[PDB]
Amino acid sequence: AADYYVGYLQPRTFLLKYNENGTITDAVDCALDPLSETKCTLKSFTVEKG
Amino acid sequence: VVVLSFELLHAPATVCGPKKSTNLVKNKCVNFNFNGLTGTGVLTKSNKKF
Ligand SMILES: *[C@@H]1O[C@H](CO)[C@@H](O)[C@H](O)[C@H]1NC(C)=O
């Protein structure tokens, strides 16, 4: 026997983050939860109170 | 009847013009034609980690 995983793709919008060497380090889905939608609008990973 | 399809402003690919090449000059206001990309400026040695 063996093991292998399978998923599927969908059209989404992401917020990729590049470091100083040009390599992707983190990303945020823009349609997962209310908090993630705020980050995409502000285009920042840190949200102040308000 | 002969038909043909084109595509522009993409990744640098083949099927290009027959113009002759030239040399490289640095630290001088010069025009460049790097495989479709057109403009003017001052070319200098970079240090980005592509
Ligand atoms: C970027 O690359 C330089 C040299 O390769 C290295 O010194 C530096 O730690 C790197 N920065 C990272 C991986 O965040």
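Looking at the PDB entry, chain B carries the name Spike glycoprotein, with the source organism given as Severe acute respiratory syndrome coronavirus 2.

The name the PDB entry gives chain A is Spike glycoprotein, with Severe acute respiratory syndrome coronavirus 2 as the organism.

J.: Give me the site of the ligand: which residues, what numbers.
T.: Taken together, the neighbourhood of the ligand is formed by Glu20 and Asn21 of chain A together with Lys49 of chain B. At the site occupied by the ligand, nearby residues are drawn from chains A and B. Here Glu20 of chain A contributes a side-chain N or O atom positioned 2.8 Å from a nitrogen atom of the ligand. A distance of 2.4 Å separates an oxygen atom of the ligand from a polar atom in the side chain of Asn21 of chain A.

J.: Which residues make up the pairing of strand 2 (residues 37–42) of chain B, and what are the values?
T.: With six bridges joining them, strand 1 (residues 29–34) of chain B and strand 2 of chain B adopt antiparallel strand pairing. Bridging across to strand 2 of chain B, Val30 of chain B finds its partner in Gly41 of chain B.

J.: Run through unusual backbone geometry, naming residues and quoting values.
T.: Residues and elements named next belong to chain B. Although it is not a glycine, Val15 sits at a positive phi angle of roughly 60 degrees. For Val15, a relative accessible area of 80% puts it in the exposed group. Of note, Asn27 is a non-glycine position whose phi angle comes to about 60 degrees, a positive value. Assignment of secondary structure puts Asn27 in the segment before strand 1. Owing to a relative accessible area of 60%, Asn27 belongs among the exposed residues under this scheme.

J.: So what's going on with a nonpolar patch on the surface? Which residues, and what values?
T.: Residue and element names in this part refer to chain A. Taken together, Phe14, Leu16, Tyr18 and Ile24 make up a surface patch of nonpolar side chains, about 450 Å² in accessible area. Per-element accounting of the nonpolar patch gives the leading share, three residues, to strand 1 (residues 14–18). Of note, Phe14 is situated in strand 1.

J.: Can you break down the environment of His10 of chain B residue by residue, with the values?
T.: Residue and element names in this part refer to chain B. Mapped onto the fold, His10 is located in the segment before strand 1. What makes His10 exposed here is its relative accessible area of 53%. Sequence separation between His10 and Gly41 is 31 residues; the distance between their C-alpha atoms is 22 Å. Within the structure, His10 has its side chain in polar contact with the backbone oxygen of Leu8 (distance 2.8 Å).

J.: Go over the layout of surface pockets with me, naming the residues and quoting the values.
T.: Residues and elements named next belong to chain B. Put simply, the largest pocket is a space of about 1,000 Å³. As for the largest pocket, its lining consists of 29 residues, and the residues nearest its centre are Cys16, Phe34, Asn35, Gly36 and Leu37. In terms of residue count, strand 1 provides more of the lining of the largest pocket than any other element does, five residues in total. Lining of the second largest pocket is provided by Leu24, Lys26, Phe32, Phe34, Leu37, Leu43, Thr44 and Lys45. Residues that form the lining of the second largest pocket fall into these classes: five nonpolar, one polar and two charged.

So, how was this worked out
Residues numbered from 1 in each chain as written, not as in the entry; some residues may be left out. Chains lettered and ligands numbered in written order. Part of a larger assembly, values for the part shown. Heavy atoms only, no water. Near = heavy atom within 4 Å. Polar contact = N/O pair within 3.5 Å; in protein donor to acceptor, adjacent residues only side chain to side chain. Pairing = 2+ DSSP bridges. Helix = DSSP H or I, 4+ residues; strand = E, 2+ residues; numbered from the N terminus. Buried < 20%, exposed > 50% of the residue type's maximum accessible area, 1.4 Å probe, protein only. Patch = residues over 30% accessible without salt bridge, like charges linked within 9 Å, V, L, I, M, F, W, Y side chains within 5 Å. Areas by Shrake-Rupley, 256 points an atom, 1.4 Å probe, with all protein chains shown as cover. Salt bridge = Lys/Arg side-chain N within 4 Å of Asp/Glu carboxyl O. 1 Å grid on protein atoms, 1.4 Å probe; cavity = no way out; pocket = protein on both sides within 12 Å on 5 of 7 lines; lining within 4 Å. Points joined across faces, edges and corners; volume = space filled by probe spheres on them. Nonpolar A, V, L, I, M, F, W, Y, C, P; charged D, E, K, R; others polar.

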